[PDB]
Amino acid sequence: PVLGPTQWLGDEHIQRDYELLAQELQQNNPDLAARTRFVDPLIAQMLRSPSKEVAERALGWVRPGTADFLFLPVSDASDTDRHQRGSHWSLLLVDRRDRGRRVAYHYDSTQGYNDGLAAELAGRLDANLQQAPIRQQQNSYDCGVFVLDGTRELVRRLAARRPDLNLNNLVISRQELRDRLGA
């Protein structure tokens, strides 16, 4: 989908980049791809639905049982109000490797903003919420780019077995994202 230079990202932009990333990972590292879930932002919201059957359907679609890593773009859009379509994006990485100590790392470029939703999603994925560091946004429109570039940097670190997932040094590129979406 078309994305402008300062346009707020919609779920369609996040989903499209996650589709490209999933295909890129499948080709370059199929063993990591098989163990990783790039969750559609709409499905991530379904996971926190007040409707139990909606949340469970979404859980089945994610199939977290056979995954070591879940990447969830977290929108703050309303579940019950048609007019409140969201203000902010953040990123939840669920590390399921220790099948007894699941950790949900919450990366928010406005520290604290989405923590309540992150906690609800972490609980529904049987994981303990941990705030994780990410470079803080210096404008009010790039949170979605932090989510996407943060995901891509985390995937590189996981593929490389790097121990430190601190994203305080993250470099964002809206232009490169726009290039990917337009390809």
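For every residue, the number given is its place in the sequence shown, counted from 1.
When the C-alpha B-factors of 40 to 48 and 152 to 160 are averaged, 152 to 160 comes out higher. Just going by the entry, 92 to 100 versus 106 to 114 on mean CA temperature factor gives the higher value to 92 to 100. Taking only the listed residues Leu59, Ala34, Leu70, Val145, the entry reports the highest CA temperature factor at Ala34.
When the CA B factors of the chain's modelled residues are split into thirds, the value for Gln84 lands in the lowest one. The entry lists a Cα temperature factor for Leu20 that places it in the middle third of the chain's modelled residues. The deposited CA B-factor of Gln138 belongs to the middle third of values across its chain. Annotation for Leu9: CA B-factor lies in the lowest third of the chain's modelled residues.
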